[PDB]
Amino acid sequence: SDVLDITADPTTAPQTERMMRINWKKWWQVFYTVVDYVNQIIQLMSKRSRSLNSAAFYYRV
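Residues numbered from 1 in each chain as written, not as in the entry; some residues may be left out. Heavy atoms only, no water.

Solution NMR is the method the PDB entry lists for this structure.

The chain appears in the PDB entry as Outer capsid glycoprotein VP7 from Rotavirus A.

Structure representation (structure tokens):
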């Protein structure tokens, strides 16, 4: 497919190892996503100077 775009797909390995690694990467990716999410709030904090009511949205509800 394409000009050598797909020339490394047939690893032909129906093994639980790689599959479980994908399962682990799914958790691992969202684990850094939840961090990035909070990090984004910290970026928002810069555009929304004085984010006391924002960060403490818990008590705001």
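Next comes the rest of the description.
**Student:** I'm lost on the overall build of the chain in this one. Help?
**Tutor:** Looking only at helices and strands, the chain has three helices and zero strands in total. Reading the chain from its N terminus to its C terminus gives the helix and strand order α-α-α. Against the 2.2 N^0.38 benchmark of 10 Å for 61 residues, the chain shows a C-alpha radius of gyration of 21 Å, more extended than a compact globule. Here the chain holds 61 residues, and 3% of them are scored as buried. Of the roughly 6,500 Å² of accessible surface on the chain, a fraction of 60% belongs to carbon and sulfur atoms. (Helix = DSSP H or I, 4+ residues; strand = E, 2+ residues; numbered from the N terminus. Rg over C-alpha atoms; globule rule 2.2 N^0.38 Å. Buried < 20%, exposed > 50% of the residue type's maximum accessible area, 1.4 Å probe, protein only. Areas by Shrake-Rupley, 256 points an atom, 1.4 Å probe, with all protein chains shown as cover.)

**Student:** When you look at the packing of aromatic side chains in this model, what are you seeing that I'm missing?
**Tutor:** For any two aromatic rings, the description comes down to two numbers: the centre-to-centre distance and the angle of the planes. All told, the structure shown has five aromatic pairs when counted by the stated rule. Residues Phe-31 and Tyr-32 carry aromatic rings whose centres are separated by 5.9 Å and whose planes lie at 75° to one another, so their mutual orientation is edge-to-face. Owing to a relative accessible area of 43%, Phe-31 belongs among the partly exposed residues under this scheme. Through a chain of ring-to-ring contacts, the aromatic side chains of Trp-24, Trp-27, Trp-28, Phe-31 and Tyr-32 assemble into a single cluster. (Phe/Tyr/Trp six-rings, centres within 6.5 Å; stacked < 30°, edge-to-face > 60°.)

**Student:** Could you clarify how one ought to interpret unusual backbone geometry in this entry?
**Tutor:** Generally, phi is negative for residues other than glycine and the peptide bonds are trans, each holding for most cases. Backbone geometry at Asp-2 places phi at a positive 65°, although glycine is not the residue there. Inspection of the secondary structure puts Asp-2 in the segment before α1 (16–47). Even without being a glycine, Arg-50 presents a positive backbone phi close to 70°. Note that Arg-50 resides in the loop between α1 and α2 (52–55).

**Student:** Please clarify how the pattern of salt bridges should be interpreted in this entry.
**Tutor:** Think of it this way: side chains of opposite charge can pair up when their charged atoms draw near. The final tally for this structure, using the stated rule, is one salt bridge. Between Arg-21 and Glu-17 there is a salt bridge whose closest N-O contact spans 2.7 Å. In this pair, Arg-21 and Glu-17 both sit in helix α1, four residues apart, roughly one turn of the helix. Residue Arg-21 is classed as partly exposed on the basis of its relative accessible area of 46%. (Salt bridge = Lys/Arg side-chain N within 4 Å of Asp/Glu carboxyl O.)

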